[PDB]
Every structure is written in structure tokens, then in C-alpha cells.
Amino acid sequence: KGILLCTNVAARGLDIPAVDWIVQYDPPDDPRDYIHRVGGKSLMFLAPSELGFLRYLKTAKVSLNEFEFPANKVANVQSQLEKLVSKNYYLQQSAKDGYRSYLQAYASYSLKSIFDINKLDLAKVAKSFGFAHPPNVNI
Amino acid sequence: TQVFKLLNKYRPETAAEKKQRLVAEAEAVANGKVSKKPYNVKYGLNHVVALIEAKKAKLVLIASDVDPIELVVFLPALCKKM
Amino acid sequence: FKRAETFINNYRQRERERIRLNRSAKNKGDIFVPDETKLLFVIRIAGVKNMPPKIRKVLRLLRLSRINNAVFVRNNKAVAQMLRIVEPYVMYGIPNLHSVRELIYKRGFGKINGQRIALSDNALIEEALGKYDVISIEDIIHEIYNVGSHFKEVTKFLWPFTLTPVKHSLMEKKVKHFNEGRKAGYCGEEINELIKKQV
Amino acid sequence: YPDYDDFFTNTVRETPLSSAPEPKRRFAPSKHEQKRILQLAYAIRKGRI
Amino acid sequence: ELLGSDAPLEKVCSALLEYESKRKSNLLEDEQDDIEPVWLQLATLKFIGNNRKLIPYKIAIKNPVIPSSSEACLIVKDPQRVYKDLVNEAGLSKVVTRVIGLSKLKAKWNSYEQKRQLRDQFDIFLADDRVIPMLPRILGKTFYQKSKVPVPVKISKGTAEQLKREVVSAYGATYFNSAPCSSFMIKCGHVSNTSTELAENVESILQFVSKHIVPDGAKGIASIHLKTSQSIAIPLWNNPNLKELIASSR
Amino acid sequence: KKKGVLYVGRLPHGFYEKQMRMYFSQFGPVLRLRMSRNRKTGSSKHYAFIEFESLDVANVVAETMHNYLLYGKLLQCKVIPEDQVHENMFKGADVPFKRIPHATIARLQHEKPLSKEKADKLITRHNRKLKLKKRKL
RNA sequence: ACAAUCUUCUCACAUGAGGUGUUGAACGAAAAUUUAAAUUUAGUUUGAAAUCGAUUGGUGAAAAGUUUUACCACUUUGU
């Protein structure tokens, strides 16, 4: 039992043990690698503006089901999360660096038509990182 | 009136009250020896303008009769821009 | 003119009183009834617009019909429960011999034929209270401080005192809502200081 | 005397103007007060204050 | 036995869980082990409460109704740093999630929106006994009407052992909020509970109800039914002398 | 001439029918004032209607106390035109509300002196009350 | 004067009794009950949100049968 956070590249080249859940929190930077790398449960987070990946998986002959969640049961710790980030110096610097790196990774995705940074809403992204307003990162 | 009620709960501490607090902590270390971030209202033209551009200000209150009016003439626009 | 906030502020105060009166009466038919004394001094410090009628009558019974009115009361169960009902409006404590003497000697007013008359001479006291063997100011003081047989008659003869707060300092004259910081409740022996600041 | 033409401020800027990172001055007890506290401490033990 | 010189228990409860399992009848991602709770409906010959009493009844029972993984918020008198240290010392961090001083509860949670956010954040609100009467205010219709009533947990002396004991007793016991009503509903368990466990819960709850709720005793009980959210109020036992009992009391 | 009708919303707890009457009477004479209240409890619904003797005075009040920061609540005073001002929105106006204690009157009829005949009219159909449940078994 | 008294624990012998205090609107299940409307009551939504929908049993306190209470509730409106 346990939970591990790793990048796609760090996990790439490593043997995946018997894991109950595999979660794709961020889009895969190498979808051509991911389609064959997926082969207990496989779950992937996708924004409503990146539904073109659903078409790509259908064209690539990938079976899939719909996972839905009740908005009531989602933890409303957004206020507390905002409080911690702005209060801890090291948590904030980690939060800003992660936000900058996530955006720069997003701008470099191969599937420009699917994962388009222009279609991305920066105010929403910073909210997931614990920001009232998006930090000033040059792309 | 309601604005200034909230503003008067965050007045910066007086020059005497600040020295009163500092000498209180000075005595403690003089004998032998951690606090919270101070909350107050932010003032000063350059400081406030820097806060607005930083998108940190929650409520800006501009005086209506600043003598050279161009000191504050851009603030309504800058406040609306940010 | 009267703004909307003052009307709501009164309603919140009235609801505050109604809850207090219910809680003091319901399930709380008790009083700590201070001991080792029989004479108490009751001063009405504060008043609220549109009092509940129960509070209005109790102040009337205790002869505190106007603010800053002060009345001697015989310390017993009956006055204690009335004082508990009107607690937020009256500040009461135990007067001493010195407080009783100067209050009568400097602010004592009698009920002569139903008008407020200063007790400048003992002839009027003898005329109006000769049947109870009361002839002098000092006799009045002894009766009040000892709560004698004619204590009720003496209190009936005496007007309530008017201990309005004194504003001598320039800071006192300028600050608003100045009432000498008159707190409510049973102040014990501190009322001697409050009288001393007055008489 | 044309009306006010807000060609620039009609849209809200979503990010702070500067990109410089926060210094650690703002997350730790102040050094100016600590400097003055040490100065006042010296004054107390020398009998000046 | 105390009911009417007989105990028609067990068989009824063992059956109702069986009918409950008989009426079994996207994929969802947020799951839980929540099951339909078992309700016990009790009819009396008189109104139990002279007025609504906003302090729940600590009906002690060995089969918990609150799952042991339920998050807890502890509401204590000021100061709260003392009590936060005690919770960490007693090792209740995974159980007592947060400790709130009462003044910080009165100030930092003012809006009804803030009250509803705090309500959904925790599963049970343990509150110190000496600050229970204050909680009617500070927590309005958002708590005391939406099925979130603080529990009177007594930690007066402030020690780790009594924290652990009182906390353990808290989840062990079920809770009932007495109001002026001829009939009242008490939670006994869930469908996952076994027949013997639920029967033990019912008899223990009836014992406490007869002792400390119904002043005249078991004779003041009119009828007993056990039910779930959607099932029928299956009767358990009826008063065999109710004719003369009501005649004397009327 | 035309009696104006004004609607006030977001009433702070305390701005009740009395307080509004001595307040709005300063603006101008009031005719029918009614705060809508709940049936079972009688507690305020936090909105009310005022009928001024004129529609001009109602316009001034609406322009005066609309978005009034009162106890943290922005007051909502909007003038209702005559055509959707309906016939009985002032039913019970200026008449104090009755806080009927349904709980206690239920207690009194639960515990009141009563005779054998009405006791028989109580005990009644006990046996078939289980039988309707028995047929569902 | 947008300020005020909603209790940071009691009493009795580790034990019992007590604490009378909750915004409104909307959705909604099926139950115990009492004398068609009334009491409890699962589970949800919400900026202290609002545009007719008021129900009407009983208790008395002051002015003069009458009008005035805007939580007068059965310990029932002024010791």
C-alpha cells in the first residue's frame, strides 16, 4: 500500500509493479508512447477543452469508459489551500515553479491541435495550484 | 462610513505604540529568551500602486482632492485595468 | 432625523432584553442576595428607548423614573429579585456611614407636601416626621444607615438623589457618551468611590 | 470633447505586472525591528533607557 | 422482556435485514461504504419533551453506528493550543481532524456559507460539555436542522486518557435529539450490521429510552416499529394494557 | 393621486414592520405595510411591501435606499408598477402576526381531560391498524 | 450609538439531574402519531439569496365594548 508521484519520463524505463490505480494527472507528452505503455485500473484527468484526445483514442482503437464524479463530494479546501500557499515561502516557490513548468510543458506538447495552450484558461490552472490570480510566468 | 469602520480596525500602530511594543520585547531579551504577521491598512502612493500592479490590493480608496491631480489621475484606470 | 440602523439597533437591544428576562425568570428563581448588610444604594446608570413594560414598571416601583436617580433600599429578597430583573440598568453596592452622611448632608431633598424641597433646616423634618421621632438630619442618617422601624417612612420622605456624572477634565467634556465608565451589576464596596466622585 | 475611450483598460489583466520572485523578507519576522530590538536591548542593559 | 413481559425481538430484525437485502433494486468514481441506516420508530402515550432540547442523548451501545473512519471536529473552550497538543499526544490526529477554540469558531465562521463549508468538511462535531449551550447560536439552522448536531463530549479535566476514552465512547454511542413529539426516530445501525448486533442495539436503546426519556417508564410506550429510509415500519411489540393505561392517564 | 407600492428586500434581522413604519414615515405617509412571514413559525421572510400615498414618493424612496449597506446587507428597494401590483398582497397589513404555538396546542389536545366515550373513539381500530401492515407482509 | 447580557458550566452523591438557545426559500422519501391540519422526521441545494400566497387557537397588560403590542404561549403581553 502507498502512493507515488512520478513523471512520465521517470516512470518510462521502469517496471510498473502491481498497482491498484494508475492516474494520468497531466496529459501525456508522448501519446504515441502512452497508447502502448498502458498495456489494476487506468484513470486519466482531462479538461473539457481537451476532448479531442477522445477522438484520437477512437482513431487509435483504444477502448474506454466514462468516469464521473459528484461535484458535492469534491473537497472544498480551496480556501485553506490558498492560505497555505501564500503563507509558506517554500510552498509558494514550489507552487510557482510547478505552475511555470506545467505551462511550459503544455506549450511544448506535440498534439498542438488537441492540447492547445491558447484554449487553456490560465485563471483556472492557477486555481488548481493554489493561486487567487495566475502568477506572472513568461509563457 | 462603512468603509472607514473597517479601515479603523486596521490602522497602523502609532509611533508611541510601536516603540512601546519594541521596548517590551527588548526587555525580554535583556533578561533572557515566533509572532504573527501584522495586519493593517496599506498607504503611500508608490507602495499602493506597486500593490495594485501586483494584484494584491483588495480595495483601493483614492482621495478626491489630491493637489497635483495627476498623482491619482491614472489610479482609477490602473485599478480598473488590474 | 432617524436613520434605519438606529431602529434595528433598538430591536436587537429589545430582543437582547427579552431573552435576558426569560432566562433570569425561567429556571433561575434564585438570587445571591448579599449579606452582612441591610442597606443598599441603587443608581440607575443607563436607559434604553422603548423599554419593555416589565422593566419600566420595576424602575417606577424602585423610584428610578429618571436616569442618574439613586435610592436607598433595604437589602432583602424582595428588592434583590427586583434588582436582578433591572440589573443592566442599575449599578448598586453597599454604602458606608461616610457615604450616607454626605449624600444626605449635601444632596438630600425631602417630600414636603409633594414638592422637591431641600433639607436646609431640621424644623421641616420635625414638622413632617414628628410622629416617628424624627427631628434632625442626623436622626434621618441614623434611621437610614441602621434600617430602623421607620426606615420605610424615611425613604418615602426622601427624594431620589440625582448623581449626574461630573465632567471636570477637558477630556471628559470632549469625549462622547461619557458616563464616568459607570459599569452595571453589583459593584460591592466600589460604589463608595463613585459617590465620593459625586459628593 | 469626445467620450472617454477605454481602448486598453476595457479588458482585465489576469496576471501581476512584475515577474520578480518574492523575497524572503515578507515571510519571516522583520529585520529592521529585530535590529532596533537589539539596539534597545543594549540601551536597557547600559541604563540609558 | 421489559417491554410487555415478552421480547418479540431477533426474529423481526433478522427478517427485516433479509427483506432489506431482497429489494436490492454511468459508473461513478467517488465511492464509499455507506449503507442505509436502520431506524427505530417509537410511539408513546404522551409528549416526551416539554420543549426542544438541543443536546443529543448519549445512548451507549457496543455496536457503533458512526463508522470509525468518520472525520471529527473538536470544539473546545479557549485556549485551543492546549487541546491541540493533547490531541496530538493522545494520537487522535487521524480521528479528531481539527480542534477549534470556541471564540475562533464564533469569529472565523460567520457567514452561513462558511457554516455550511465547515459542516460538510467534517462528519461529526465533538464539542466540550461546558460550551454546548453556546453552540445553538454560532451554528444555526445550518447545523441543528441539516442533521449535524454537536455531541456533548466531556473533556473537562484535559488529559489524554480521558480524551481517548470519551472519544471512543462518542463513536460507540448513538445520538437522539429530543423534541416535543408523540413519536420519535432513533438510529440503531445499518444493513451491514448483523441480526444479533442490531437486536442488542434495539434492546439497549429501549433500556435507555425507558430510563431517561419516557418518565413513566415502559408503560408510557405505545408501539414499537423498526424501519429504514424506504422500508415499512414493521411493528415489534404493542402495549397489551394500553386500554386501561390510557383510561387512567386520560 | 396614484398610490405607489414599494418592495424592500434583503431586510436585516430587526428592520421589522414597526421600524420601517417610523422610518419610511419620515419620507412620507404610509398606508399599508406588510412583511411576508412564514406560516408555521411566523419568522420573517426578510422582504416586505410598502404602499405610499403617492407613486412619486415611492420613486424617491426607491432612489434613496436602493443598495443601502445596512448591517452588511444591501437593501433592495424597487418600485412595483400598478399593473402587477395585485389585489390582496396587503392581506393582514398593519395587523400583528399571531405566533400560533402548534407544538403546545398539540400537547394540550394530547393531554386534556376526556371521557370514556371519546376514549372509545380513540382506541378504535388498533387491531386492523396492524392488519393493514400484516397484508403488506 | 450599524456599541450593548446567548451563558468559556452548575447542583447532588466515579454516579444522576440540569443548560432553552436555531435565517429564509426550494427539492424530497416514507413513517410513527394525535385532534381534513397538526406534531416529530431521512436525505439534499443556497451570497444573511427574497417581488402576494397570512396562518389564525388561547392568554391579559395598560389607555379609554373599544385600540396598542410585531417571539404574550400554557410558568401565556406592566413587581
# chains A, B, ... in the order shown; residues from 1 in each chain; ligands from 1
$ select_by_dssp --residues "segment 27-185 of chain C" --states "strand (DSSP E or B)" --output "ChimeraX atom specification"
/C:39-44,69-74,90-93,109-112,115-118,158,161-162,185
$ residues_around --residues "residue 28 of chain B" --least-positions-apart "2" --cutoff "12 Å" --atoms "only C-alpha atoms (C1' of nucleotides)" --output "ChimeraX atom specification"
/B:21-26,30-33 /D:37-38,40-42,44-45
$ write_last_selection --atoms "N, CA and C atoms" --output "short mmCIF file (atom, residue, chain, number, x, y, z; two decimals), in the first residue's frame"
data_model
loop_
_atom_site.label_atom_id
_atom_site.label_comp_id
_atom_site.auth_asym_id
_atom_site.auth_seq_id
_atom_site.Cartn_x
_atom_site.Cartn_y
_atom_site.Cartn_z
N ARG B 21 5.82 48.54 22.05
CA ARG B 21 5.93 47.11 21.80
C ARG B 21 7.39 46.69 21.68
N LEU B 22 8.20 47.48 20.98
CA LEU B 22 9.60 47.10 20.75
C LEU B 22 10.38 47.08 22.06
N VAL B 23 10.19 48.08 22.92
CA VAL B 23 10.90 48.08 24.19
C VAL B 23 10.42 46.94 25.09
N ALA B 24 9.17 46.51 24.92
CA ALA B 24 8.68 45.35 25.66
C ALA B 24 9.44 44.09 25.27
N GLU B 25 9.66 43.89 23.97
CA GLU B 25 10.45 42.74 23.52
C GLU B 25 11.93 42.93 23.81
N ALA B 26 12.40 44.18 23.84
CA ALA B 26 13.80 44.43 24.17
C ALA B 26 14.12 44.04 25.60
N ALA B 30 16.78 41.33 27.09
CA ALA B 30 17.75 41.84 28.06
C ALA B 30 17.79 40.95 29.30
N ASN B 31 16.67 40.30 29.63
CA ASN B 31 16.66 39.32 30.71
C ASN B 31 17.13 37.96 30.20
N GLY B 32 16.43 37.42 29.21
CA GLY B 32 16.80 36.16 28.59
C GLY B 32 15.65 35.57 27.79
N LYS B 33 15.95 34.99 26.63
CA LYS B 33 14.91 34.38 25.81
C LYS B 33 15.35 33.02 25.31
N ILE D 37 15.34 46.19 18.16
CA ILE D 37 15.17 45.49 19.43
C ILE D 37 16.52 45.21 20.07
N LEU D 38 17.51 44.82 19.26
CA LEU D 38 18.86 44.63 19.78
C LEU D 38 19.46 45.95 20.25
N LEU D 40 17.71 48.55 21.40
CA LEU D 40 17.02 48.90 22.64
C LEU D 40 17.46 47.98 23.77
N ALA D 41 17.76 46.72 23.46
CA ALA D 41 18.29 45.81 24.47
C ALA D 41 19.62 46.31 25.02
N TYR D 42 20.50 46.78 24.14
CA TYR D 42 21.77 47.34 24.59
C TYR D 42 21.55 48.58 25.45
N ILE D 44 19.00 49.23 27.38
CA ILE D 44 18.44 48.88 28.68
C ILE D 44 19.53 48.40 29.62
N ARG D 45 20.39 47.49 29.14
CA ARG D 45 21.43 46.93 29.99
C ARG D 45 22.52 47.94 30.34
#
$ residues_around --residues "segment 58-69 of chain C" --least-positions-apart "6" --cutoff "7 Å" --atoms "only C-alpha atoms (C1' of nucleotides)" --output "list in words"
residues 43, 44, 45, 46, 47, 82, 160, 161, 162, 163 and 164 of chain C; 79 of chain G
$ residues_around --residues "residue 29 of chain E" --least-positions-apart "2" --cutoff "12 Å" --atoms "only C-alpha atoms (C1' of nucleotides)" --output "ChimeraX atom specification"
/A:41,43-44,65-71,73-74 /E:26-27,31-32
$ residues_around --residues "residue 1 of chain B" --least-positions-apart "4" --cutoff "12 Å" --atoms "only C-alpha atoms (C1' of nucleotides)" --output "ChimeraX atom specification"
/B:5-8 /F:68-70 /G:2
$ decode --residues "segment 51-87 of chain C" --atoms "N, CA and C atoms" --output "short mmCIF file (atom, residue, chain, number, x, y, z; two decimals), in the first residue's frame"
data_model
loop_
_atom_site.label_atom_id
_atom_site.label_comp_id
_atom_site.auth_asym_id
_atom_site.auth_seq_id
_atom_site.Cartn_x
_atom_site.Cartn_y
_atom_site.Cartn_z
N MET C 51 -38.39 50.84 26.54
CA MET C 51 -38.15 49.71 27.42
C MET C 51 -39.32 48.74 27.38
N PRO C 52 -39.07 47.45 27.60
CA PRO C 52 -40.16 46.52 27.83
C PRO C 52 -40.97 46.95 29.04
N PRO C 53 -42.29 46.77 29.01
CA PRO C 53 -43.13 47.31 30.10
C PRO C 53 -42.78 46.76 31.47
N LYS C 54 -42.30 45.52 31.55
CA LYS C 54 -41.93 44.96 32.85
C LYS C 54 -40.75 45.72 33.46
N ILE C 55 -39.76 46.06 32.63
CA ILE C 55 -38.63 46.85 33.12
C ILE C 55 -39.08 48.25 33.51
N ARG C 56 -40.00 48.83 32.73
CA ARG C 56 -40.47 50.18 33.01
C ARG C 56 -41.13 50.26 34.38
N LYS C 57 -41.96 49.27 34.71
CA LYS C 57 -42.67 49.29 35.98
C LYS C 57 -41.72 49.10 37.16
N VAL C 58 -40.76 48.19 37.04
CA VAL C 58 -39.85 47.91 38.14
C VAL C 58 -39.02 49.15 38.47
N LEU C 59 -38.56 49.86 37.44
CA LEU C 59 -37.87 51.12 37.67
C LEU C 59 -38.79 52.13 38.34
N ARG C 60 -40.07 52.14 37.94
CA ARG C 60 -41.04 53.02 38.59
C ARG C 60 -41.23 52.65 40.06
N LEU C 61 -41.33 51.35 40.36
CA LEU C 61 -41.50 50.92 41.74
C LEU C 61 -40.29 51.30 42.59
N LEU C 62 -39.09 51.10 42.05
CA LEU C 62 -37.87 51.48 42.75
C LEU C 62 -37.61 52.98 42.70
N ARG C 63 -38.56 53.77 42.19
CA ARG C 63 -38.50 55.23 42.15
C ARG C 63 -37.36 55.75 41.28
N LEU C 64 -36.83 54.91 40.39
CA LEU C 64 -35.82 55.34 39.42
C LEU C 64 -36.46 55.74 38.09
N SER C 65 -37.41 56.67 38.16
CA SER C 65 -38.15 57.08 36.97
C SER C 65 -37.31 57.91 36.00
N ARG C 66 -36.16 58.42 36.44
CA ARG C 66 -35.28 59.21 35.59
C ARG C 66 -33.85 58.72 35.76
N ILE C 67 -33.02 58.97 34.75
CA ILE C 67 -31.64 58.49 34.79
C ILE C 67 -30.88 59.22 35.90
N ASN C 68 -29.80 58.57 36.36
CA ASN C 68 -28.94 59.07 37.44
C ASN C 68 -29.69 59.21 38.76
N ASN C 69 -30.85 58.58 38.89
CA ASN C 69 -31.58 58.60 40.15
C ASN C 69 -31.03 57.52 41.08
N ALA C 70 -30.84 57.87 42.34
CA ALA C 70 -30.27 56.96 43.33
C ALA C 70 -31.20 56.84 44.52
N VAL C 71 -31.39 55.61 45.00
CA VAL C 71 -32.38 55.31 46.03
C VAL C 71 -31.78 54.31 47.02
N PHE C 72 -32.02 54.54 48.31
CA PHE C 72 -31.68 53.57 49.33
C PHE C 72 -32.73 52.46 49.37
N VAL C 73 -32.27 51.22 49.51
CA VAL C 73 -33.16 50.06 49.54
C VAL C 73 -32.74 49.15 50.68
N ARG C 74 -33.73 48.57 51.36
CA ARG C 74 -33.48 47.60 52.41
C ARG C 74 -33.11 46.26 51.78
N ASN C 75 -31.91 45.78 52.07
CA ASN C 75 -31.41 44.55 51.46
C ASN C 75 -32.24 43.35 51.92
N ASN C 76 -33.07 42.82 51.03
CA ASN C 76 -33.90 41.67 51.33
C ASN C 76 -34.18 40.91 50.04
N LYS C 77 -34.95 39.83 50.15
CA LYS C 77 -35.26 39.01 48.99
C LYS C 77 -36.09 39.78 47.97
N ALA C 78 -37.05 40.58 48.43
CA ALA C 78 -37.95 41.28 47.52
C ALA C 78 -37.20 42.28 46.65
N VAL C 79 -36.32 43.08 47.26
CA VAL C 79 -35.57 44.05 46.47
C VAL C 79 -34.52 43.35 45.61
N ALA C 80 -33.99 42.22 46.07
CA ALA C 80 -32.96 41.52 45.31
C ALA C 80 -33.50 40.99 43.99
N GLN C 81 -34.69 40.39 44.01
CA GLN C 81 -35.27 39.87 42.77
C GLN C 81 -35.65 40.99 41.82
N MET C 82 -36.15 42.11 42.35
CA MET C 82 -36.42 43.27 41.50
C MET C 82 -35.14 43.81 40.89
N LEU C 83 -34.07 43.89 41.68
CA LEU C 83 -32.79 44.36 41.16
C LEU C 83 -32.22 43.41 40.11
N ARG C 84 -32.45 42.11 40.26
CA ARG C 84 -31.99 41.16 39.25
C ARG C 84 -32.74 41.35 37.94
N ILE C 85 -34.02 41.71 38.01
CA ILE C 85 -34.80 41.98 36.80
C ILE C 85 -34.24 43.20 36.08
N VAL C 86 -33.88 44.24 36.84
CA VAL C 86 -33.43 45.50 36.27
C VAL C 86 -31.91 45.65 36.35
N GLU C 87 -31.18 44.53 36.40
CA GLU C 87 -29.73 44.57 36.60
C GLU C 87 -28.98 45.41 35.57
#
